[PDB]
> 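To start, I am sharing the structure in question, which I have written as structure tokens.
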Amino acid sequence: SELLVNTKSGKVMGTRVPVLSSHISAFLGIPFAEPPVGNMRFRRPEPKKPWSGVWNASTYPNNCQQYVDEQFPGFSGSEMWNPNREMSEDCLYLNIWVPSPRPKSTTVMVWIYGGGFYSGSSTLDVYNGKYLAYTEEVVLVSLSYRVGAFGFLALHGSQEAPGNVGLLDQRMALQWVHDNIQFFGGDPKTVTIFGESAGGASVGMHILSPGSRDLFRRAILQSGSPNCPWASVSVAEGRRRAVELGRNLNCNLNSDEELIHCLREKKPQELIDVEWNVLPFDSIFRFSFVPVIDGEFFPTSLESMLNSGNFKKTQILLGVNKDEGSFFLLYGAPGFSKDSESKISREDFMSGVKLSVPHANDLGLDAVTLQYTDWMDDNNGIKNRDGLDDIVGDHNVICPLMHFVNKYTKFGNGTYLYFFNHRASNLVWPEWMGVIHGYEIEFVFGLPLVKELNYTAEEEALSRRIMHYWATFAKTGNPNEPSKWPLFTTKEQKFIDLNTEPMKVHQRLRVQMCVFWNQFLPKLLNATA
Amino acid sequence: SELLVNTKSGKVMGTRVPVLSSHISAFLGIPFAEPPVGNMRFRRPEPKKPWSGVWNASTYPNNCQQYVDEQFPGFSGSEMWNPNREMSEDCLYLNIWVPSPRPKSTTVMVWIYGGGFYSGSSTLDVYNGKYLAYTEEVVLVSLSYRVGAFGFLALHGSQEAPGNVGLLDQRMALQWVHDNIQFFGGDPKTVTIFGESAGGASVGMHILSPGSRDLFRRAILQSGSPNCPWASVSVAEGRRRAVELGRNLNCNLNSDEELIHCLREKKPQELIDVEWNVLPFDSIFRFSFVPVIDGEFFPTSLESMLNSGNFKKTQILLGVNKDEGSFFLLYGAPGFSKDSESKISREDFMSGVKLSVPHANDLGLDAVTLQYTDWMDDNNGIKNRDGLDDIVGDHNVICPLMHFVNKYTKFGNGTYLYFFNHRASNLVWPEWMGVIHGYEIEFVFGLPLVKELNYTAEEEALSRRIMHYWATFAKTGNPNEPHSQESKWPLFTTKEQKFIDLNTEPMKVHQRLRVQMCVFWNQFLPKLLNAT
Ligand SMILES: *[C@@H]1O[C@H](CO)[C@@H](O)[C@H](O)[C@H]1NC(C)=O
Ligand SMILES: *[C@@H]1O[C@H](CO)[C@@H](O)[C@H](O)[C@H]1NC(C)=O
Ligand SMILES: *[C@@H]1O[C@H](CO)[C@@H](O)[C@H](O)[C@H]1NC(C)=O
Ligand SMILES: *[C@@H]1O[C@H](CO)[C@@H](O)[C@H](O)[C@H]1NC(C)=O
Ligand SMILES: [Cl-]
Ligand SMILES: [Cl-]
């Protein structure tokens with residue numbers, strides 16, 4: 001049968017599903033690992049033992065145990081990112097959408113959800129892969145991985161909680177694709193991994209890791225890069241946060257073994273309840289348990305790997321959204337609200353930059369402040385608001401990504417950069433938030449093609465060209481089918497705008513601010529902090 | 001006789017001179033101190049001992065011994081600033097222009113020339129005071145003071161070379177005015193001191209120094225203020241440069257006494273030929289012998305006095321020119337030429353910032369560079385030229401002055417700020433230089449009123465309103481003539497921070513003169529360099 005597939009670990013039965021007055025095959029909740037429960041908590045994933053009989057793959061799997069956002073109850077803007085299935089530690093599964101009829105060795109795209117490494121689910125409505133797999137004729141896979149302490153508690157030296165297991169979960173799903181995608185009509189040789197934010201940073205990390213390099217052909221990074229300030233920690237910081245987590249739960253701290261044993265006895269929700277208490281500063285856009293630079297998954301520091309060219313050489317397509325920081329200001333900075341224009345006073349501004357650049361000393365805060373304040377109108381609440389918004393986005397997403405793109409292009413085989421700046425006409429968030437972090441996703445997945453979602457015809461057109469750019473790039477390493485999307489080069493540094501208007505080519509995306517964040521501030525902090 | 005005046009030191013005989021179809025009385029080269037020669041070189045000035053007979057005051061006196069610029073031989077643009085009279089150490093004289101018929105108790109304005117404290121002369125053509133004295137009916141006085149090592153060699157502790165003697169020369173000229181100006185029809189109670197650049201810094205220093213405060217009513221500072229990075233040095237730096245001077249002349253450096261004695265036996269030109277070698281680093285807009293914070297002429301640090309309000313509280317009128325730094329880039333930075341557009345390559349821009357900010361460490365240099373570079377277009381030679389121009393002007397003149405104006409206004413009794421940005425039609429310098437340092441002076445002195453000079457009619461009008469603002473301010477403490485139809489120059493207040501543009505176009509009021517850059521220069525950079 002078309003829905004009955006035999007994989008190297010057993011048989012699986014999919015389901016024919018509707019998609020734009022038609023149908024395609026979908027295999028939901030396929031296990032690619034053994035359930036990480038009990039003694040398995042905090043440990044590297046183990047290949048899923050082969051089962052007999054037919055695995056029912058007609059419904060979405062559980063979502064991993066995670067912090068759940070309750071800020072705005074009932075609000076669709078925030079609720080659309082929360083788990084839409086039961087949460088469980090038994091969550092390592094993948095989903096696959098296959099064109100119907102089943103293609104012959106077609107391009108494979110593997111989605112990696114974001115969520116700051118503390119959240120995310122593969123089953124969200126916006127991650128439904130039926131529109132993209134169908135419209136672009138590609139086999140679309142969405143994997144999952146452990147988040148929060150469950151996937152990143154790091155006690156370097158130990159083998160019970162080595163850290164980065166969430167990345168290893170991802171790597172194993174990729175290994176599973178490499179080994180089984182051919183039975184679904186996919187070409188294990190032409191696999192493209194792509195993800196947004198933590199997903200984008202994850203993609204970048206696999207590009208840098210020797211152990212992941214041969215598990216994919218090309219990469220797409222959306223609003224995230226491996227070198228982001230919030231994307232990783234040192235082994236030492238990882239350890240203190242782990243110890244602090246144990247302290248918060250009255251754990252025995254005499255040894256890694258005792259701490260770990262103690263933590264394995266706690267119910268998932270107990271860990272999660274205190275997760276945020278281990279952060280070293282009052283801050284925004286900073287998450288507790290993230291990847292650690294251990295010398296194993298990552299040979300050396302991320303920077304040295306970028307400089308020496310020690311990473312996978314291939315084609316990459318990446319970009320950022322216009323207003324990456326608004327979401328985090330709304331949730332953690334004083335003066336911001338979802339129901340007002342959020343004019344920011346001078347005082348709140350100062351509090352805001354402190355929260356945005358937690359690691360900075362006073363001279364560093366003055367530099368940031370000076371770089372983003374218009375002293376001919378320092379009491380303009382709109383400028384103060386937009387100024388803060390730029391600080392968070394530049395420092396956390398845009399500039400770290402530009403640093404990555406420039407380093408990568410020295411050795412890469414092709415870079416395509418984009419700047420997504422279209423504010424969806426049906427957004428439920430306030431205007432001041434602008435082009436929000438993560439909202440380019442619905443366009444990549446083709447949600448504007450379903451009429452009941454009330455998108456405009458130009459938005460549906462944009463989505464189609466984005467999907468086509470993404471899929472064409474995945475198939476050939478070039479988003480253009482022989483308005484050309486310029487190749488980003490060390491010399492020209494061209495990039496395109498991604499919106500409803502005709503394609504425009506620009507150069508040096510926010511170069512002034514990125515010189516500040518990538519070269520000046522770091523130098524100032526190393527010489528005075 | 002209108003030309004025969006008897007002063008507290010003896011009789012003086014002036015001369016009648018032509019001025020715009022009329023006539024005015026002038027007393028040139030009136031001595032106000034004893035000749036600072038021989039054993040008196042480096043010493044505080046001493047009152048001119050009384051003379052008998054009539055002192056012929058019909059010609060300009062000698063100019064003090066100073067470095068002479070020979071960069072462009074024959075070029076009027078630079079030569080107009082060089083000594084136009086023989087140089088001598090015997091140079092403490094003043095000049096006076098008195099309206100005819102002689103006023104009864106009229107306003108007095110005392111000019112203090114600039115020249116980085118290493119040059120200047122009260123006898124230049126641009127300082128001819130007959131036009132302003134005649135046009136605004138004021139008694140105009142131009143004084144002089146020792147410059148270079150002669151006026152600022154400083155060996156703290158010593159009484160032979162105390163330092164700041166050039167500032168003391170100025171004070172003595174002021175004391176002379178206070179005691180004798182009434183004999184020329186001037187009011188000792190209503191004297192206004194004004195000077196440009198080093199002269200501007202001097203004016204602000206007399207406002208700061210307790211011993212100078214009672215010698216004048218108010219002040220005008222043009223393109224210069226006391227807190228400028230080049231206007232003063234610490235006792236230590238002063239001593240180091242004095243010793244380094246002797247070293248350059250193979251002097252006995254065992255004691256200030258011998259060092260001084262050695263230096264006193266050298267010919268003037270000998271000291272001048274080595275003057276520049278004592279500077280700490282390669283730089284632009286830095287001069288060897290300038291005032292020193294001695295705890296005497298200046299009770300404490302300039303910054304502390306400004307914060308405490310420890311200074312003369314009165315009315316001040318001050319301002320700057322749009323392109324203060326071009327002159328100095330031309331003379332000492334690579335890539336600049338008076339015969340080309342002077343487009344600067346990124347390489348020379350970098351060299352330029354180091355020269356311009358000599359005391360800054362690498363981190364400081366990077367902050368300056370980032371602050372004045374448009375990274376979307378870093379090879380645009382024009383943007384680099386203008387960026388460097390702005391750096392020099394902002395660091396050395398504009399921002400130090402804004403710092404001063406804001407501090408002073410917290411305690412002052414009225415502040416008026418201007419931004420001079422008119423490029424003279426007959427300027428011999430290249431256009432890239434814009435509104436050059438010191439070229440607002442010719443407007444202040446009414447040169448545009450003399451037709452053979454070929455200024456435009458609009459420039460004559462600008463000069464007349466500038467002279468009127470200046471004189472009306474000196475007379476009343478307000479540049480504006482009460483209830484008049486003409487636009488009004490608003491008071492600069494700590495809150496609104498208003499100022500006006502001074503050019504041939506109708507007045508425009510603005511706020512926060514270059515706040516962005518001055519926040520960087522006055523607050524951020526100092527903290528960055530102080531860090532470590
Ligand atoms: C798979 O499980 C779902 C229940 O979640 C059920 O409705 C469906 O019939 C099952 N498929 C088969 C044939 O077992
Ligand atoms: C990619 O590699 C091929 C093969 O060496 C080379 O010819 C091509 O120029 C490269 N493309 C880029 C943009 O680096
Ligand atoms: C004063 O000096 C001038 C300049 O030489 C001369 O013309 C004039 O006759 C002199 N007056 C007397 C009384 O000597
Ligand atoms: C100057 O001082 C007088 C009284 O001494 C005061 O009335 C006046 O308001 C002051 N002027 C300004 C502008 O500060
Ligand atoms: Cl549908
Ligand atoms: Cl004349």
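First the proteins, then the strands, lettered A, B, ... as listed; each starts at 1.
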> I'd like to know if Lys527(B) and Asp362(A) make a salt bridge, using a cut-off of under 4.0 Å between side-chain N and carboxylate O.
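Here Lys527(B) does not pair with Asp362(A) in a salt bridge, since their nearest N and O are not under 4.0 Å apart.
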> Please state whether the side chain, the backbone, both or neither of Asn361(A) comes within less than 4.5 Å of a heavy atom of chain B.
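Nothing of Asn361(A), per the 4.5 Å heavy-atom cut-off to chain B.
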> Check whether more than 12 heavy atoms from other residues, nucleotides or ligands sit under 6.0 Å from atom CG of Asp282(A), and answer yes or no.
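It does not: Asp282(A) CG has 12 such atoms or fewer within range.
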> Report yes or no: does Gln519(A) contribute a side-chain atom to a donor-acceptor pair with the main-chain N or O of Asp366(B) at less than 3.5 Å?
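Checking the backbone N and O of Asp366(B) against the side chain of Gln519(A), no donor-acceptor pair under 3.5 Å is found.
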> Determine yes or no for a side-chain-to-main-chain donor-acceptor pair under 3.5 angstrom, with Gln507(A) supplying the side chain and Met376(B) the backbone.
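Checked: no pair found.
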> Does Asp378(B) pair with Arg508(A) as a salt bridge, N-O distance under 4.0 Å?
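Yes, charged N to carboxylate O under 4.0 Å.
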> Above 12 or not: heavy atoms from other molecules or residues under 6.0 Å from NZ of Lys354(B)?
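Not more than 12 within 6.0 Å, no.
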> Under 4.5 Å heavy-atom distance to chain A, tell me which part of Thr373(B) shows up: side chain, backbone, both or neither.
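The backbone, not the side chain.
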> For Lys383(A), is the NZ atom crowded, meaning more than 12 foreign heavy atoms sit under 6.0 Å from it?
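Correct, the count exceeds 12.
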> Quick check: are there more than 12 heavy atoms from other residues, nucleotides or ligands sitting under 6.0 Å from NZ of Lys504(A)?
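12 or below, so no.
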> Taking everything shown except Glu501(A) itself, do over 12 heavy atoms lie less than 6.0 Å from its CD?
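12 or below, so no.
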> Would one find more than 12 heavy atoms of other residues, nucleotides or ligands at under 6.0 Å from atom CD of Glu347(A)?
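Not buried by this count: 12 neighbours or fewer within 6.0 Å.
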> To the nearest 0.5 Å, what is the distance between CG on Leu363(A) and CG on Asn530(B)?
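Rounded to the nearest 0.5 Å, the CG-CG separation comes to 9.5 Å.
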